[PDB]
Amino acid sequence: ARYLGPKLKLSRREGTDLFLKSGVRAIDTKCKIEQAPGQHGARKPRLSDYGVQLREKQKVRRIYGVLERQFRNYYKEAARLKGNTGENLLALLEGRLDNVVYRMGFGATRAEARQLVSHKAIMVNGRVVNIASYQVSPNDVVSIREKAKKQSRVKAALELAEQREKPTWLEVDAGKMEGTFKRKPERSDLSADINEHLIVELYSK
Amino acid sequence: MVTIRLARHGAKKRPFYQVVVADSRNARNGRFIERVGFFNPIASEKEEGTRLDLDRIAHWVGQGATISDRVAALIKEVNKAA
Amino acid sequence: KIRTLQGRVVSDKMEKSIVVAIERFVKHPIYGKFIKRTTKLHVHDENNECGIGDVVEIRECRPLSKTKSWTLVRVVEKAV
Amino acid sequence: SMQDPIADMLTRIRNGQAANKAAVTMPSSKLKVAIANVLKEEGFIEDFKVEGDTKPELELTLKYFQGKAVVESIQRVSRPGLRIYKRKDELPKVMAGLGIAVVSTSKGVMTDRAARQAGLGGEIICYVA
Amino acid sequence: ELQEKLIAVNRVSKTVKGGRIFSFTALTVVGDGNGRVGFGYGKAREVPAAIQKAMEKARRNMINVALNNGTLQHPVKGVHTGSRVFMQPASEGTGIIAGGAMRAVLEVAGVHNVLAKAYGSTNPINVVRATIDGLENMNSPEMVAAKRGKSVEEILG
Amino acid sequence: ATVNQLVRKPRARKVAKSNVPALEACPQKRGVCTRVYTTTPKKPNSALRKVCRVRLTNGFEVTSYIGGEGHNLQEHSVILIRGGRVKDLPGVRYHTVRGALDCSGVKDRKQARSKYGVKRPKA
RNA sequence: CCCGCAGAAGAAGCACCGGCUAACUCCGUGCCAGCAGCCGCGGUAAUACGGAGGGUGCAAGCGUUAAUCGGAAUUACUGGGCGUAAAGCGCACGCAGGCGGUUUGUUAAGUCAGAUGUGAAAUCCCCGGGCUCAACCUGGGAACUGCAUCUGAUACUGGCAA
RNA sequence: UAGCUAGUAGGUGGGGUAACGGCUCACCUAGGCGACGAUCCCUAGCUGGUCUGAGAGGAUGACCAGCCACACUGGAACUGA
């Protein structure tokens, strides 16, 4: 149900830093981005329109860790909700619990935040939650358990997320190891580059 | 006989009840006349699921219906609680 | 006001009863055109009074034979 | 053998716009007068005059915005072969509201918008782009 | 900024006394992304010469069409040779849902949200021409206010 | 296309016929081998094609195709026929399932094993 | 359901990779063996067969077959055609049927509006709630495009009369 | 698959039914249905719904709920609200 394979190969097929390794050593300094993982990656392809749509959908699915049946359920939920369907699709993906954990600064990656949520560490509104795909409501309080507060990888994640950009739809306390999910993010808040119109056009066929 | 009783709906090991007045030879979830409310025995803390409109209850009992044991108890609690 | 249907008489030929064709101006559910559909009824003619060509107001009643559950109230616009 | 005279009027308007005619003449009737009244009221024609007394003739002045015809499309919607009556909710917004549906409601001939604002529907006579 | 798209590359042949001679045709579109669309049809003995012919043909013959914030104004039926294109404006979001050639034309046109359907022959040259005919057949509220001789608010309500 | 002509007799959906009529709207069917032979394809394909005659449990006798490099079918073998037309072979419109009642898997295969009933080879 | 233990420990396959259709090279064989949804591939340098390496897609499932709708505007009411592509009876007359120039009055059957009864519950849709989330369950609503009656309107269609 | 139908169609009267009725008998009249498809043949439980589809439609009617029919096959009543 997870990918659990080579992650930098996923970053290299797309050609974009998906932030799915970490941030400490740089990703070009790991090596070999701009190159597909072939033995034929030295030759880049013509990559037709259905290929381009599929590559943007694969990019957005790999940058969060969501599999395809959950992703098309998210598409149906974004489609039946009123408003811009692609913005609803990105809002429903940012509403996931492990993403809120990784953005708030606990867990250095999204897979690390998923292992943190999985292993019963994180309490949202005074109750611990097992499920990574839990939708964090606005004005919810995301915190850690007693025992998992004294966990050193959460300290290192607090440091390298201090070097990160501190996204503004959530507010981190960082000293009580708490935060709040203040509001729903809009398109201008998040990531500025991904083409959600290509994703909605794929499932619309 | 027309009787007021409980039809059992809901999931497995999480029961829900519709308090509903029906001809008493019909099946438990089968053909009825009208549902005069609902009952939720496992509902939650802070959750109030027990609703009875007493107008149709009194209308049907005045027409000659027969209140079941759970339904008569639930009428007792919602009629002494208010 | 009693429920009453208005129809022309088609045949008068048995005894104490007439056969009456009511036309309804229905609409087609598929194609959308108003088409005319016809319904022949056996109507109980007590007093045996009306003829083949006229219009008759008719209401329904108790069954009277293996057909014939409609009865004449009155003849509006008798004909020749 | 001229079953439909409203479609004859609409064909005359369409052909006069296509052939760049200055004015269009036809036999009149009060239905044609009401349809031409609302076609003046929106701005598809310039005006009209009814001239005869026993054999009455109606003459319409066609409007031409500089390059084109002002009327681009005009379709008889209800036809004698297939009458079309819509309700008050099913009244169509023609050309996303930029064109009119002439509707003969029980207050007379009006447009789609006046029938919807009045609260009543009826036989749709023609879509006018 | 004149973004450019290649729609189709076809190989055509002309027979002579020796044998078959093959050439390549290219159908391209250019556009500002704001209203202006153009289509070009180049033909040359080898492919990138035909692409350059099609681009310099498309850049000249560009027509401007009117479009709302990213959308059409009304439903509109474009027609050409065997193509009976039908394009309906949209609600916001949902992207361009259109097939192939029409998708490329509407994307360089700057139409972000559309619902389109091709009828008849979906041959690429003829559906590009039917698409751009339906686009230049479109009219704006201000121009239909210029026609009927009244302000736009008396038309919209 | 006149609406009166459509009212008097309406538009007619054609008929849907099946290219697998001995399967009787079932996915597979068991039959027994009446004959195991080979035939030649239509003219541009030029091979020998392993095709067996099957009598089915509903009483149809149809020719099925044994697809895969080398088989073990015999006279009176009980096989499971599947459906799917063989394009070159005339009159052959069913396949035999490999991994069936009697029909074994293909030998020494490793890619698309489940299309030929070959178990996963362990090392 | 909550708590304590131990340890990375017990836990990844399936189809595909010529075009459509995302994803490529080597080797074996040589119109044979075989593949194939359609086009088609294999004749000694096979991206199409079989193995390998690499990649792609989905994932506790993945493929095939069967079946239904879609795409198919390919039975077209919305929404097609008929000189030559399939398709105007050989030509008329005419009953049934369909359609009906123009003015006025009346009826109000069609039509329109409103109301009332009905259209079981569930399901579908919206706003919420409860299961750690989701599936699932559930409160209220909307809807059920309909039918009958009643009250009016009367432009348009029909009747009646001139 | 173009004609079908004599209790067949209607009437009077006796009988029968919880109840109207050719429901059944005696009599009288010769009618009733049918090209808005009677009769015959083939297939089929019907509906709320389900699936698909932009919609209109099309296909369907497992589960869940309403109605019907049946209870080895053919028939008959008894008892009883």
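With +1 on the Cβ of every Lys and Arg and -1 on the Cβ of every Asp and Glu, and nothing else charged, how large is the dipole of the protein assembly as shown about its Cα centre, in debye rounded to the nearest 20?
4420
Report Rg(Cα)/(2.2 N^0.38 Å) for chain E, keeping two decimals.
1.19
Could you give the semi-axes, largest first, of the ellipsoid that matches the range A:1-133, computed as the square roots of 5 times the alpha carbon gyration tensor eigenvalues and rounded to whole Å?
28, 21, 11
So how strong a dipole does the range D:1-71 carry about its Cα centre when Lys and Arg Cβ are +1 and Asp and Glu Cβ are -1, to the nearest 20 debye?
Roughly 200 debye for the range D:1-71.
Could you give the nm distance between label points at F:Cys26 and D:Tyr64, where each point is 7 Å from its Cα heading toward the beta carbon?
7.8
How would D:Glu90, D:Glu41, D:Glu72 line up from fewest to most surrounding beta-carbon atoms within 10 angstrom?
D:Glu90, D:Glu41, D:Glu72
Which values of log₁₀ I(q)/I(0), to two decimal places, follow from the Debye formula for chain F at q = 0.10, 0.12, 0.23 Å⁻¹ with a uniform point scatterer at every Cα?
Those come out to -0.41, -0.52, -1.35, one per q.
Please state the relative contact order of chain F as a whole percent: Cα pairs under 8 Å, 6+ residues apart?
Taking the mean separation of contacting Cα pairs over the length of chain F, I get 21 percent.
For chain D, what is the mean residue ellipticity at 222 nm derived from helices alone (per DSSP H run of n ≥ 4: -39500 (n - 2.57); sum divided by total residues; nearest 500 deg cm²/dmol)?
-7500 deg cm²/dmol
Show that you can apply the helix-only estimate: for chain B, add -39,500 (n - 2.57) for every DSSP H stretch of four or more residues, divide by all residues, and state [θ] at 222 nm to the nearest 500.
Helix contribution divided over all residues of chain B: -7500 deg cm²/dmol.
If R₀ is 25 angstrom, what is the calculated FRET efficiency for the pair F:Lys43 and E:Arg20, using the beta carbon separation as r and rounding to 0.05?
With a Förster radius of 25 Å, E is 0.45.
In peptide D:90-98, how many Cβ atoms from other protein chains are near each Cβ within 10 Å, on average? Write out the running numbers ahead of the final one.
On the way: counts 0, 0, 0, 1, 2, 6, 9, 7, 13.
If you average over the peptide's residues, the count of other-chain Cβ atoms is 4.
Measure off 7 Å from each Cα along the Cα-to-Cβ vector at E:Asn10 and F:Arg113, then give the distance between these two points in nanometres to one decimal.
The modelled label-to-label distance comes out at 4.9 nm.
What are the GluC sites (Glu not before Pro) within the range A:1-73 that DSSP puts in a loop, where the Cβ has at most 13 other Cβ atoms within 10 Å?
Within the range A:1-73, the qualifying GluC sites (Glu not before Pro) (loop, at most 13 other Cβ atoms within 10 Å) are A:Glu34.
Hey, which of these cross-link pairs are over 26 Å Cα-Cα: A:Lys21/A:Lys120; A:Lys9/A:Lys44; A:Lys82/A:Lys205; A:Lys76/B:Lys12?
A:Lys76/B:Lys12
Which whole-Hz couplings ³J(HN,Hα) result when phi for each residue of the range A:126-135 is put into the Karplus expression 6.51 cos²θ - 1.76 cosθ + 1.60, θ = phi - 60°, listed in order with x for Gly and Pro?
Each residue of the range A:126-135 in turn: x, 9, 5, 10, 7, 8, 6, 8, 5, 7 Hz.
Would you tally the net charge around A:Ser143, using a Cβ to Cβ cut-off of less than 12 Å, leaving A:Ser143 out, and scoring K and R as +1, D and E as -1?
Taking every Cβ under 12 Å from that of A:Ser143, the sum is 0.
Pop out the ³J(HN,Hα) list for the range E:94-99 in order, Karplus 6.51 cos²θ - 1.76 cosθ + 1.60 with θ = phi - 60°, rounded to Hz; leave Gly and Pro as x.
Ordered by residue, 3J(HN,Hα) equals 6, x, 8, 9, 7, x Hz.
Would you please calculate the Kirkwood hydrodynamic radius of the range F:75-123 over all C-alpha pairs and express it in Å, rounded to one decimal? Could the numbers behind the result be given before it?
Details: mean 1/r = 0.0822 Å⁻¹.
Kirkwood radius, the range F:75-123: 12.2 Å.
Kindly state, to the nearest 0.05, the FRET efficiency for A:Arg187 paired with E:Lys77, given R0 = 30 Å and r defined as their beta-carbon distance. Before the final figure, lay out each step's value.
Numbers: r = 34 Å, r/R0 = 1.12.
With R0 = 30 Å, the Cβ-Cβ based efficiency is 0.35.
Using just the helices of chain E, give the 222 nm mean residue ellipticity in deg cm²/dmol: DSSP H runs with n ≥ 4 each add -39,500 (n - 2.57), and the total is spread over all residues, rounded to 500. Intermediate values should be presented prior to the final figure.
Working: 5 runs with 45 residues, N = 157.
Result for chain E, helices only: -8000 deg cm²/dmol.
In whole Å, what is the distance between the alpha-carbon centres of the range C:30-80 and the range E:29-53?
The two parts, judged by their Cα centres, are 76 Å apart.
Under a Cβ-only charge scheme (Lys and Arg +1, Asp and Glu -1), can you give me the dipole magnitude of chain D about the Cα centre, in debye to the nearest 20?
340
Hey, which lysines would be in cross-link range of F:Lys119, C-alpha to C-alpha under 29 Å, not counting anything within fewer than 8 residues on its own chain?
Once the sequence-local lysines are set aside, what remains near F:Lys119 is F:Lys29, F:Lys50, F:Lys87, F:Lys107, F:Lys110.
Where does each of E:102-110, D:32-40, E:8-16, B:33-41 land if you order them by average Cβ count within 10 Å, highest first?
E:102-110, D:32-40, B:33-41, E:8-16
What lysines sit close enough to B:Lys80 to cross-link, taking a C-alpha to C-alpha distance under 27 Å and skipping anything fewer than 8 places away on the same chain?
B:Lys46
Return the ratio Rg/(2.2 N^0.38 Å) for the range D:1-71, where Rg is computed over Cα atoms only.
Relative to the 2.2 N^0.38 Å estimate, the range D:1-71 comes out at 1.07.
Please report how far the C-alpha centroid of the range B:17-60 lies from that of the range A:1-79, rounded to the nearest whole angstrom.
Rounded to whole Å, the Cα centres lie 54 Å apart.
Most fluctuating residue of A:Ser152, A:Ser22, A:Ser133 in a GNM of chain A with Cα springs under 10 Å: which is it?
Comparing A:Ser152, A:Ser22, A:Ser133 in the GNM, the peak value goes to A:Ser152.
Any chance you could get the radius of gyration and Dmax over the Cα atoms of the range D:84-129, in Å?
9.0, 25
Strictly greater than 51 Å: what percent of every Cα pair in the protein assembly as shown meets that?
51
Amide H neighbours of E:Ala90 under 5 Å, at least 5 residues apart or on other chains, H built in the peptide plane: list them.
Correct list: E:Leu72.
Any chance you could count the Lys pairs in chain C whose alpha carbons are under 16 Å apart, treating pairs 8 or more apart or on different chains as valid?
Details: C:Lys13/C:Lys40; C:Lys13/C:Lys68; C:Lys16/C:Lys66; C:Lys16/C:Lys68; C:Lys27/C:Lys36; C:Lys40/C:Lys66; C:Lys40/C:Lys68.
Total qualifying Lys-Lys pairs in chain C comes to 7.
What residues of the range C:17-44 lie in the reach of a label at C:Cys61, counting those whose backbone N is under 13 Å from a point 7 Å from the Cα along Cα→Cβ?
Within reach of a label on C:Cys61: C:17-18, C:43-44.
So for chain D, Kirkwood radius off the Cα pairs, Stokes-Einstein at 4 °C and 1.567 mPa s: how many µm² s⁻¹?
86
Computed from the mean reciprocal separation of all distinct C-alpha pairs, what Kirkwood hydrodynamic radius does the range B:1-68 have, in Å?
12.5
Scattering from the C-alpha atoms of the range C:29-80 alone, worked out with Debye: what is log10 I(q)/I(0) at q = 0.12, 0.13, 0.23 1/Å?
-0.38, -0.43, -0.90
Among F:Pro44, F:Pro21, F:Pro90, determine the one that fluctuates most according to a GNM of chain F built with springs between C-alpha atoms less than 10 Å apart.
Of the options given, F:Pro44 has the highest mean-square fluctuation.
Contact order normalised by length for the range E:2-157, with contacts defined as Cα pairs under 8 Å and 6 or more residues apart; what percent is it?
Rounded, it is 20 percent for the range E:2-157.
Of C:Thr4, B:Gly30, D:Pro27, whose Cα points farthest to the positive end of the dipole of the protein assembly as shown (charges on the beta-carbon: +1 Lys, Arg; -1 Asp, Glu; origin at the Cα centre)?
Result: B:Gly30, furthest along the dipole toward the positive end.
Under a GNM of chain D (C-alpha, springs under 10 Å), which listed residue has the highest mean-square fluctuation: D:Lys93, D:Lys30, D:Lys107?
Of D:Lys93, D:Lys30, D:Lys107, the most mobile in the Gaussian network model is D:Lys30.
Considering Cα pairs under 8 angstrom that are at least six residues apart, work out the relative contact order of chain D and quote it in whole percent.
Relative contact order, chain D: 23 percent.
Would you mind getting me the FRET efficiency between C:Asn48 and C:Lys27? Use the beta-carbon distance for r and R0 = 25 Å, nearest 0.05.
0.10
Treat each spin label as a single point 7 Å out from the Cα along the C-beta direction, and report the B:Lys13 to B:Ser44 distance in nm.
Placing both labels 7 Å along Cα→Cβ, they lie 2.0 nm apart.
In this analysis, Cβ positions are derived from the backbone assuming ideal geometry, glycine residues included, and neighbour counts consider all displayed protein chains. A short reminder: the numbers here are calculations on the coordinates, not readings from a lab.
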